[PDB]
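Observations on the model geometry
Below are the chains, spelled out letter by letter.
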Amino acid sequence: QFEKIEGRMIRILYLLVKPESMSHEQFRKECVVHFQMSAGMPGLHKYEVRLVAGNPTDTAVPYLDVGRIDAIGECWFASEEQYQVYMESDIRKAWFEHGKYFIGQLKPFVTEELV
Amino acid sequence: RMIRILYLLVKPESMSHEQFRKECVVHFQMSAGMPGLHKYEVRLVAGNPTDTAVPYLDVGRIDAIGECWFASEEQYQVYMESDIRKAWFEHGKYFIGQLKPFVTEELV
Ligand SMILES: C[C@]1(CC(=O)O)C=CC(=O)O1
Ligand SMILES: C[C@]1(CC(=O)O)C=CC(=O)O1
Ligand SMILES: C[C@]1(CC(=O)O)C=CC(=O)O1
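This entry lists X-ray crystallography as its structure determination method and reports a resolution of 1.90 Å.

If you look chain B up in the PDB entry, it shows as 4-methylmuconolactone methylisomerase from Pseudomonas reinekei. Here is the UniProt Function (literature references left out) comment for chain B, exactly as written: "Isomerase involved in the degradation of 4-methylsalicylate and 5-methylsalicylate. Catalyzes the isomerization of the dead-end metabolite 4-methylmuconolactone (4-ML) to 3-methylmuconolactone (3-ML), which can then be further degraded through a modified 3-oxoadipate pathway. Can also use 1-methylbislactone but not 3-methyl-cis,cis-muconate." The UniProt entry for chain B carries the following text under Catalytic activity: "4-methylmuconolactone = 3-methylmuconolactone".

If you look chain A up in the PDB entry, it shows as 4-methylmuconolactone methylisomerase from Pseudomonas reinekei. Regarding chain A, the relevant UniProt record gives this comment under Sequence similarities: "Belongs to the MmlI family."

Attention shifts here to empty space enclosed by the protein. Here the structure, examined in full by the defined rule, presents 1 cavity of 30 Å³ or more. In this structure, the largest cavity is lined by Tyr14, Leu16, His34, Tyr47, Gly73, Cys75, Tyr86, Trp95, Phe96, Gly99, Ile103 and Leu106 of chain A.

Before going further, it helps to spend a moment on the UniProt feature "active site" in chain A. Residues and elements named next belong to chain A. Under the UniProt annotation, the feature "active site" is placed at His34. Following the sequence through the fold, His34 ends up in helix α2 (residues 24-38). Each residue touching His34, except ones within four places of it in the same chain, is listed here: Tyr47, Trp95, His98, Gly99 and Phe102.

Moving on, we come to helix α1 (residues 17-30) of chain B. Residues and elements named next belong to chain B. Taking 1.5 Å of rise per residue, 14 residues should cover 20 Å, and α1 covers 20 Å from first to last C-alpha, within 8% of that figure. What α1 keeps buried is the set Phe20, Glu23, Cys24, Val25 and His27. Those residues of α1 that are buried lie in contact with β1 (3-10), β2 (39-47), β3 (64-70) and α3 (83-95).

Time to look at the interface of chain A and chain B. Contact with chain A, which involves 43 residues of that partner, is made by 42 residues of chain B. Between chain A and chain B, a total of about 4,200 Å² is buried, with carbon and sulfur atoms accounting for 66% of that surface. Broken down residue by residue, the surface that chain A buries against chain B is led by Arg50, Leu64 and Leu114 of chain A, which jointly contribute 16%. One salt bridge connects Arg43 of chain B with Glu74 of chain A, and the closest N-O pair in it is separated by 3.0 Å. Across the contact surface, chain A and chain B share 20 residue pairs in polar contact.

Before going further, it helps to spend a moment on the site of ligand 3. All names here are of chain B. Taken together, the neighbourhood of ligand 3 is formed by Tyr7, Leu9, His27, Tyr40, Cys68, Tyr79, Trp88, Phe89, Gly92, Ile96 and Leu99. Contact between ligand 3 and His27: an oxygen atom at 3.0 Å from a side-chain N or O atom of the residue. Between ligand 3 and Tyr40 there is a distance of 2.9 Å, counted from an oxygen atom to a side-chain nitrogen or oxygen. Coverage of ligand 3 by the protein chains reaches 99% of its 300 Å² of free accessible surface.

Our next topic: the site of ligand 1. All names here are of chain A. Taken together, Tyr14, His34, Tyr47, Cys75, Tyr86, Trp95, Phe96, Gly99, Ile103 and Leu106 make up the full set of residues near ligand 1. At a separation of 3.1 Å, an oxygen atom of ligand 1 approaches a polar side-chain atom of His34. Within the contact set of ligand 1, an oxygen atom lies 2.7 Å away from a side-chain nitrogen or oxygen of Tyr47. When the free accessible area of ligand 1 is taken as 290 Å², the share hidden by the protein chains comes to 100%.

Conventions and cut-offs
- Residues numbered from 1 in each chain as written, not as in the entry; some residues may be left out.
- Chains lettered and ligands numbered in written order.
- Heavy atoms only, no water.
- UniProt positions renumbered as here; feature names shortened; annotations may be inferred.
- 1 Å grid on protein atoms, 1.4 Å probe; cavity = no way out; pocket = protein on both sides within 12 Å on 5 of 7 lines; lining within 4 Å.
- Points joined across faces, edges and corners; volume = space filled by probe spheres on them.
- Helix = DSSP H or I, 4+ residues; strand = E, 2+ residues; numbered from the N terminus.
- Contact = heavy atoms within 4.5 Å.
- Expected span 1.5 Å × (residues − 1).
- Buried < 20%, exposed > 50% of the residue type's maximum accessible area, 1.4 Å probe, protein only.
- Buried area = accessible area lost by both parts, 1.4 Å probe.
- Salt bridge = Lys/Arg side-chain N within 4 Å of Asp/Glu carboxyl O.
- Polar contact = N/O pair within 3.5 Å; in protein donor to acceptor, adjacent residues only side chain to side chain.
- Near = heavy atom within 4 Å.
- Areas by Shrake-Rupley, 256 points an atom, 1.4 Å probe, with all protein chains shown as cover.

Have a look at this one:
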């Protein structure tokens, strides 16, 4: 039941691609640092970051090429007000500064729960 | 630990946005009690902010995000072998025009 309410929070999913010049070894270390920095982030209920480890191409339906994605990020916000506390935060600004260092390109999707 | 595969879904060009939304819901309903599957989730893409604080990545129009969780490699195989799983994928062919799978790895 906690997980159900959690699933219906404001959620933004991000595709990350590392800077061209950064090694994979360093990129993985900087994802870990980025997660450490999320702790106590004002307004944020939850953050998750994962590497892309596999890119299977034998899909039953036609395969969508979106190029090489290195990691997937996700943020959960418990309310419109909490999202605003985040979006106003200096601490978020400093998180994004680290983001500019280890994230070369970023695609965010704002998602909508169906159930 | 937990195997996770995240999917970018694009609807078929023969289908409306609203039809697609309805098929997403049906697809979730079909997944209940699927052999080998720990969890399935499907959400629409409702917003495409481009006002990013690092360089914006363009991957085209993604309509939905799907995701599967499997407890173990053994459960994943039970799932792959399952007849009802195969029928669920046939429903996938109906409402998913193009698919991108990502097999993920945890960092913390
Ligand atoms: C929310 C945020 C902050 C940032 O990009 O630095 C954006 C992507 C991500 O993984 O973390
Ligand atoms: C869509 C979003 C959300 C956020 O601030 O994490 C806004 C800027 C950005 O880089 O990602
Ligand atoms: C896991 C799956 C199964 C399918 O292809 O129907 C693939 C994407 C999706 O949303 O559901």
